[PDB]
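Below you'll find the structure, written out as structure tokens, and then a few comments.
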Amino acid sequence: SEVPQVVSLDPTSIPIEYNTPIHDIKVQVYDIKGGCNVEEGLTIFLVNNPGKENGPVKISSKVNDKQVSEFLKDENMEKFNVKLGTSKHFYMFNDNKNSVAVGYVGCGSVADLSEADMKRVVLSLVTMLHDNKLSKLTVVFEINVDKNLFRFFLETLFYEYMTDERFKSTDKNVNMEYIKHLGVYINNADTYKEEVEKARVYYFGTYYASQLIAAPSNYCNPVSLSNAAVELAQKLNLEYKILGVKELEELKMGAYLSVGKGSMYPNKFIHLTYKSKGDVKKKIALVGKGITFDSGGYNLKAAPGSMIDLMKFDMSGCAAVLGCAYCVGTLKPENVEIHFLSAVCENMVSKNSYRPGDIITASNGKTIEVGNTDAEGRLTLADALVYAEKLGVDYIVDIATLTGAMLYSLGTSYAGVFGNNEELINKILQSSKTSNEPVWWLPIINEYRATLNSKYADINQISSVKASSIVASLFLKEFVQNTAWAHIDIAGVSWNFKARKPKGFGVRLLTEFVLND
Amino acid sequence: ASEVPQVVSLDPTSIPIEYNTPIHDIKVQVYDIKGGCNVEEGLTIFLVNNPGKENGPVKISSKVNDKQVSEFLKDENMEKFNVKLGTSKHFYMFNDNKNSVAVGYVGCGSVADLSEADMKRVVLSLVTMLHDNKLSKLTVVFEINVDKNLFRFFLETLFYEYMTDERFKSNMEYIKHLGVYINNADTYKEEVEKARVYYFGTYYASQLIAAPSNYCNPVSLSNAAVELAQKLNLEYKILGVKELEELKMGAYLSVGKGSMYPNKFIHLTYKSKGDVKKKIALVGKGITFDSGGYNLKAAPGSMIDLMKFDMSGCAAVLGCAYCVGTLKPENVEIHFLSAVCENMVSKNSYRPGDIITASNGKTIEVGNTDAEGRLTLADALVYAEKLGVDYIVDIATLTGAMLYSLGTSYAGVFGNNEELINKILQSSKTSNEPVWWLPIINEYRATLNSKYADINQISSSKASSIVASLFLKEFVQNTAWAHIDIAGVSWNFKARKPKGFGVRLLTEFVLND
Amino acid sequence: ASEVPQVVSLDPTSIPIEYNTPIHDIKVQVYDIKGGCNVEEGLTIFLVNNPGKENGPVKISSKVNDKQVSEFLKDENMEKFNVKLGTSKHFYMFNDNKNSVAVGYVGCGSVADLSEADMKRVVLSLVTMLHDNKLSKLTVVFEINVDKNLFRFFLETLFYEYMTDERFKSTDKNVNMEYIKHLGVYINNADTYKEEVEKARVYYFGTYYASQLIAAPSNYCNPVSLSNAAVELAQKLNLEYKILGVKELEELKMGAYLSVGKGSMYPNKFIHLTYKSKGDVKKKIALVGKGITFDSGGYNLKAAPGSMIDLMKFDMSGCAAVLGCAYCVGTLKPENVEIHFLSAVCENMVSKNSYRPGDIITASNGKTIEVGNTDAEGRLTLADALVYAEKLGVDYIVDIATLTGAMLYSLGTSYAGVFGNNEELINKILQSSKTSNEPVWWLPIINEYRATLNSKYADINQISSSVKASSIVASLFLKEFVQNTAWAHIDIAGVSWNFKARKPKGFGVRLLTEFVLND
Ligand SMILES: CC(C)(C)C(=O)N[C@@H](C(=O)NO)c1ccc(Br)cc1
Ligand SMILES: CC(C)(C)C(=O)N[C@@H](C(=O)NO)c1ccc(Br)cc1
Ligand SMILES: CC(C)(C)C(=O)N[C@@H](C(=O)NO)c1ccc(Br)cc1
Ligand SMILES: [Zn+2]
Ligand SMILES: [Zn+2]
Ligand SMILES: [Zn+2]
Ligand SMILES: [Zn+2]
Ligand SMILES: [Zn+2]
Ligand SMILES: [Zn+2]
């Protein structure tokens, strides 16, 4: 529990903001058929023109202001078009002789917005929120949107609006000022009002994961990460258990323990549990890869393009699980039992580190020949999956930044899912649709299994086939004997390279999976 | 036919092709296993397994009508051998008639349902025994469960691996008879001659791919396509440089600028005798050699010595043309297309940064001369859509990223039409040529926005297989279109030979449509 | 013995060693071919060739004491088969007593004198017949010409390849493993070859023992656990032993050897085994083996492509070969000779305590060395070991080491290179290469390259810069640490590991033993 230090200036805990400015925003949803009030702050219309690409802007909503309504006549709006991402600011006086701000955001010509298009709309909307000291924002929906995408709008809006300044000191933004009120005019308002607070939950779950990922490896260490998981569990009244080295040794987790041998931080196994009141119909284990830093070990990440400066995100799998734990622990689903697991450690270079060629024994008795110390994720997951299966669960779902090969297969937008059970895989895909975190199904090709046959050990850690994502899945499959299991590789989608910040991918995906099961 | 240019007189002027293979001379009969096996001649191999008992002992269940062989096949003798997948034993002995015979087995593991990859290992083990056999007859006894498709796949694979290409060469003898004992023999009899057609179609493609680039050039390959067309009574048309210029195929012509061999566009056609209800275009990548261009393949692992394989798309299409022209499906019209050229470094060569104009009017900024396949296919796809077909399916060794995504066993399929995707996947199942559906992610489309041209050839930077699909997608306007990337599965690296991947897949596609 | 340090309790504290192998339970019987062949239980294999006739027909010349089998193996029936090297066939038939017997052959090509490489292909072909078949007896009939050494090499290679290492198997132990209990050998002039049998069984395990160590991973085989194995072996053979720790090494001022191991969690251990004859000693020999239990390369990390860092447990081979030699010598017990088995064991790791590139260190003989590359750690350890060896007052010093990767580019994977300062000793090793059938080639120490080892500040450079012939330069470095004794250096970096078979060869054991025996 006590974080070790090299010097006194070393941080002993992860700075975490629980009360974010977003939580201070009062959100009201009105019915658009009742008319719009344009009084204070900025009012933004989400408009489109179906079939007519770059078509003119037309405000259909009734505005309860004679002056504003005249400004928004079709003749005045014709000069502007609805191209996706386009935004404009209007300045005018209303009926009560007050200066007001109005605008719009282009939503293209397609009636059904993609999750990427809606992301483009929101990102465009946030630009109007930045560098402007507004106290209230009003969004008028003049497009058709369902409950999931409406919730997705709010989640994305909240996430992008917030700015992480935990590690700023002399460069804190002197102009950062968040809105205090949020008004939303939309079709059939009563059906959408419930999505508001669910969005706020999904938001913080994602951003909590984001805070964990963005934190550097000197702040976020195997100990400090475990201490944070406890504090989270304590706040959510979740049962929690942190396994130390001695307990791991008794469980004979040689693969997981080997990875952390070269670290100054002791290995920590995170075990959070949520149990519903009443009869449990489904028991689920969510496993997150929690490598606080990945140097690669003696197979050091020194080659060009190894992205070692980023490798602090190698616990994004764990972060997604903890973020999910917040959401599950907050919304409190029924008839489910969830186990949040993470074999947390750090992959470093030392006299104590494990070497390429070392043969280690997993907690299930299988001997493993290490061919590459930078393939440490599958080793920690190996023991983690064995632990998970011993819990006697119905579903085992792991999430990990496992292979860099994902950048060559699916890229930076779609995560890959592997599994031994098509039913569970379909459940993940359905969750991907409703959570709007895109996932593509990839195969576990059994023909490659022969390349993992070790001459001396029971199995090789790596192949010597270049299809790393599939070969890694073959390895993990060997540690789930008779349980439905799925493996989500998020190595390519976890980090937003364009925005230079985490996505917190997985929180919404896993939560929708647990809730809609 | 056109005259192939030469640098020296010793330069070959034709691709050697073997049409009459020893496989075509093998008489194949299928017997029902319920009647017991007759072991009087040649080599007899039992395909056995042991379900639930991993690496379990061998036990021959079938009754054999020979006392000498029956004593050999008794359980006490066979239990000394195990059923580990691929494991083989065979013994020489005299039968009841004092004739010299050979009897043995191939282990088929402990799984009741064999994959196509498992069947490959079984066949390879079987072929090893054959390449060491002088006997005239091989008898295969199925004491395992296989359906019609897997049995035909067994025959296709056996025939293919058995055959050895010695065209460029300067022990054993091939068998004359093949006996097969299997449950429901009458049901599998129909698969025999279909397998033999799928055989040569795959092997013909293999012959073209294996043929080096000094033998297989744009002109000689087009000549081979013509000769094949004449044998199959197919309508054919070979477009030359002057006509390609008239059709304004700038993207295609730019790739072949640096070659000593003129660009040649292959157009074969199969038309049904009855009313035509479906028109299909099959498009093959036809780079006889890919040096990479001025973006030379110089980096380690760029595999420049294998770059004769860069035609595999063309070979697969031409191989399908054989199967289609032989089996002669009804109510369908199929167009076999291939923009064939050579990718070389010269003063006349296309350069990185060059802006070229495709036959559809789109200007393309070349960011990498080694991404030439999508360029040649671009004009090919524009040609294909002009034919007014229902389905367009292109197959190509397009991106090396496939080796990092699906590997060397599974090919990737991309497309703009899900129903067409499903038809390819269904064809993958029946042909036993494994293919996996990969997404065309539209969020990556923006990375192709050129500052000066209409579109970029390549991306700034990662998912190159998806980016390449996004590029090809820009050249099919209103037709169901699918794209098969076989760069990873085309070459059998372990065996040092082609697979002929795609031939059976494409044929099953047009047959079961 | 020392206690092996651990990071976690699950870290192994000893090298698993199998002394009693199934090969040791095999009874070997040798018969003269002129007496006729008996074909009964198990598998009976004929070794046939056809001199001058490439892929010629099979012809069994030996008399078979069975009417049925003799008819089966008549020339008319065997014509259909050929003698192509490595080709093998299985025969099934009933003998005179109405019993079913298994007979077969292995093709030995068309050359009358088989090379060592050809013989291994024959044996490997023979082993395939032993695998996946539950035989109780193997019978080998020699219808080819072999000398006493080649006959012994056959048995050694057969025993070695037949054996399977399952020390590190757990849930993937081969359930079908069942070794033969009897081995029959039919050969002309049998009594002359019978003496080679037990020599082969001793040479086999000596090779396999070294192989067991080499194949053993670095977390199992560390400087402490490896030295412990040497003690255990010496005790079983009643060899004198001394294991020097850091304190003793510090007192002997072995700065070069100690500097390599600075960055390791495992303390340095210097292995010193001694065999003395019970009679007057006429010859004194020191055998030095490189003993790096793992070579990460140091701060000159093995990060370049093809640097094979996952293999770097194999950096043991020299020490393992010397220990394997100690077994053969301790078992066969040669006369009038005293052998010193030496190895400076340590581990080259990256740490805060690690030695740096540029560091100047002092060897035990006073020479100062400027470190230009931490991955050239072998010659540094050998430097102190060669000084130690020469202080023993011996007649010959022979070192064996996986020293330079340049050997893969020079001699390849089959032939080891030998360097030296004494021509007569070099020729003795070459003769040992002949009799042991472990291929060794003589490579030159080119003195013109010595000037590139001239350090600006230290007495001598660890490595060169302008040569790129690392193997020769490494020898030039080592020569500077042997003042006035015949010394030879065997670089086995290329031949130690069998890449195709993914296993060690145990190269050096038979070579060094033949060297000690015939001297
Ligand atoms: C093949 C290899 C380079 C070893 C790899 O995929 N490494 C993982 C990794 O660090 N596993 O622990 C990896 C994962 C994500 C990214 Br981005 C890069 C590399
Ligand atoms: C990104 C780049 C390395 C240029 C590539 O995808 N090359 C293709 C190619 O040359 N297509 O024409 C490629 C295709 C197959 C193989 Br194997 C390697 C490279
Ligand atoms: C010149 C250099 C490439 C540094 C070399 O010879 N290295 C040794 C070595 O690491 N000695 O300690 C070496 C030895 C064996 C093999 Br395989 C590769 C490199
Ligand atoms: Zn890693
Ligand atoms: Zn990692
Ligand atoms: Zn190319
Ligand atoms: Zn190409
Ligand atoms: Zn080294
Ligand atoms: Zn070394």
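By order in the structure tokens, chains are A, B, ...; within a chain, residues start at 1; ligands start at 1, following the order shown.
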
Could you list the protein, DNA and RNA residues that have any atom within 6 Å of ligand 3, counting only C-alpha atoms and all ligand atoms, and write them as a PyMOL selection string?
chain C and resi 297+375-378+402-406+470+493

Selection export as a compact mmCIF listing (two decimals), in the first residue's frame, atoms kept: C-alpha atoms:
```txt
# COMPACT_ATOMS: atom_id res chain seq x y z
CA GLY C 297 25.33 -7.77 -24.17
CA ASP C 375 29.09 -7.37 -25.55
CA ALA C 376 32.67 -8.59 -25.97
CA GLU C 377 32.59 -9.86 -22.40
CA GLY C 378 33.82 -13.38 -23.17
CA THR C 402 31.25 -19.23 -28.13
CA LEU C 403 33.30 -16.08 -28.55
CA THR C 404 32.46 -14.33 -31.82
CA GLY C 405 29.41 -14.35 -34.09
CA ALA C 406 31.77 -13.84 -37.02
CA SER C 470 36.41 -10.12 -34.77
CA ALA C 493 29.95 -19.85 -31.51
```

Mind checking which residues fall within 12 Å of stretch 334-340 of chain C, counting only C-alpha atoms, ignoring those fewer than 2 positions away in the same chain, and posting them as a PyMOL selection string?
chain C and resi 234+239-242+271-289+322-323+325-332+342-343+385-386+388-399+512-519

DSSP strand (DSSP E or B) residues within stretch 38-232 of chain A, as an MDAnalysis selection string:
chainID A and resid 42:47 56 63 81 87:93 99:106 136:141 181:186

Within 7 Å of chain A, which residues of chain B show up when using only C-alpha atoms, listed as number ranges by chain?
B: 117, 401, 403-407, 462-464

Backbone-only DSSP, helix (DSSP H, G or I) members of stretch 105-151 of chain C, as a VMD selection string
chain C and resid 116 to 130 148 to 151
